[PDB]
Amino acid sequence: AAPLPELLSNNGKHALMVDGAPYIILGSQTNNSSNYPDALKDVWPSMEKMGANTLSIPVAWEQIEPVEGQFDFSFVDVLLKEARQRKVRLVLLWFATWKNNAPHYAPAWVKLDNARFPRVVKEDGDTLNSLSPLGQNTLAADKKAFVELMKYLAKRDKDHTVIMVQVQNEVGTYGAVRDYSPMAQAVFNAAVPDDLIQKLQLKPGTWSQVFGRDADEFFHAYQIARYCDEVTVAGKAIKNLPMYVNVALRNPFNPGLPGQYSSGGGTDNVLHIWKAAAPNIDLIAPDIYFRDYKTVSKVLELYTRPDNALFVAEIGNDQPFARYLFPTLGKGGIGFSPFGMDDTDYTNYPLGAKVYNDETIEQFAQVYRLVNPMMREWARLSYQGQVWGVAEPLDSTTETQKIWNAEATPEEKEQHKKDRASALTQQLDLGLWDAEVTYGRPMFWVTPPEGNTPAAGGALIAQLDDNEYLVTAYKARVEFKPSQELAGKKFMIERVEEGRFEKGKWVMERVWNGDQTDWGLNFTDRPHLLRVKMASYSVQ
């Protein structure tokens, strides 16, 4: 009976609707070789420990169509049944024409037949192991198999255990900007399509005439976007699930050249091409492995747009990455999915954690525990209302940084401490009230913040009414104050309640008061959900 999942976009805000209401993916993604029945026993325990509500896991073209026309959905059958037993949802990752630029997950009868299914050809005439998006047989074959997967879900997944499908994995090309095959050159050395000229409001011409120095890259992005949109449309005609693409990000400050980064993917410079070329693709999701706050923050800014719901489709599984949940949700993100959350004997350090163990999982579990108890209420407030979210904005002190700290004078030291306390103090404008969020200080008195070791804190705030906020935070202090001068009036906290939602209704457990509200609202590693009511009052 259940309504299809759907991505809603209204008033520049977004919701992923699941079972007729907004939903947050508190996700985990498997390692790349866990897409088989025998591997699932090494996936579920981690998902339970993490408290994730949705599993991202590959479905590979090589596994469903190992011999052309001979489909095998045995893996999908087991996965659906085992996910349902655990009352979790699924995001299937279609690994097909591209997985990290390459056709490794395409069947042997595809990836070993270059004449039928041709590769990118560099300007110098050398071939790269990246399938050309101008290969018409490759598009037809990928589309046919994707359709068979969507028919399987149409017939066998009536309650939508699968809520979303990723189409390909990190498309593009390493080692060239585009295809320079004779086939590609005939399409490049030709008019830009009318649709793209109309949607970007440009003057007609050839790719080189219209886009100049960007022609090669924008050509590759356009042709890959068109390919992915055709696969998406074909699959949606069977079952209209949300579908998205995930991006091998370029560094947003210092990207280098296309082909150094994965050329033609949804990088920040070609989001306009992708949105014009692929209007059937619901969102373009960043895959985040930059560890440093400023770069991560910049990625979250670039990918959150009126035309783009924010979904952190991948993030590293090392400790520093967990706190990015908070800004992701504060931007109205629909989900967050740390990569490599299984015990299949693999670690992707230097991208992720050096060691996979219960402590690795616990860093994410601890932040998920703040959101799970309010997931549906948060998702509704994010979409229909005003939310905020912050993370601790200094990264952990370096080996290098401690050396520079050790060699500093006592004036340079006390100055560094004032500077760190300032950087670890964030202001949020909540309308009539502001919050100040600080990191790494006692739960009593006003010693300045010194940060957590390692960096780890954050906060979420949702506005319930002009003077009332839902607040939860982690290894941080949150303090409220008036946003504007009060002309003679004083202010206080009126009431802080800790509680929970039962059947969508607020249940109070206790009132925070006294020491618990005199020095801000102090959070450790334990979950507390608060409703904070502020008041200004006359003394005249």
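Rigid core (definition): largest C-alpha set, two forms, superposition within 1.5 Å. Each residue number is its position in the shown sequence, starting from 1.
Each structure in 5 other deposited structures of this protein is fitted to the shown form on the rigid core, and of 375-383 and 196-204 the C-alphas lie farther away on average for 196-204. Among the other PDB entries of this protein that were compared and that flank it with modelled residues, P410 is left unmodelled in a third or more. Relative to its counterpart among 90-98 and 420-428, 420-428 has the higher mean temperature factor, C-alpha atoms as listed in the PDB entry.
The mean Cα B-factor in the deposited entry runs higher for 271-279 than for the other of 367-375 and 271-279.
Across the options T328, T347, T206, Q168, the residue with the most elevated CA B-factor in the record is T206.
Of the candidates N246, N317, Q136, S337, the one whose C-alpha carries the top B factor in the deposited record is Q136.
In the PDB entry, a CA B factor belonging to the middle third of its chain's modelled residues is recorded for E65. Among the modelled residues of its chain, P527 has a C-alpha B-factor that falls in the middle third according to the deposited record. When the modelled residues of the chain are ordered by their C-alpha B factor, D292 lands in the highest third. Ranked against the other modelled residues of its chain, the C-alpha B-factor of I224 as given in the entry falls in the middle third. Sorting the modelled residues of the chain by their CA temperature factor places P22 in the middle third.
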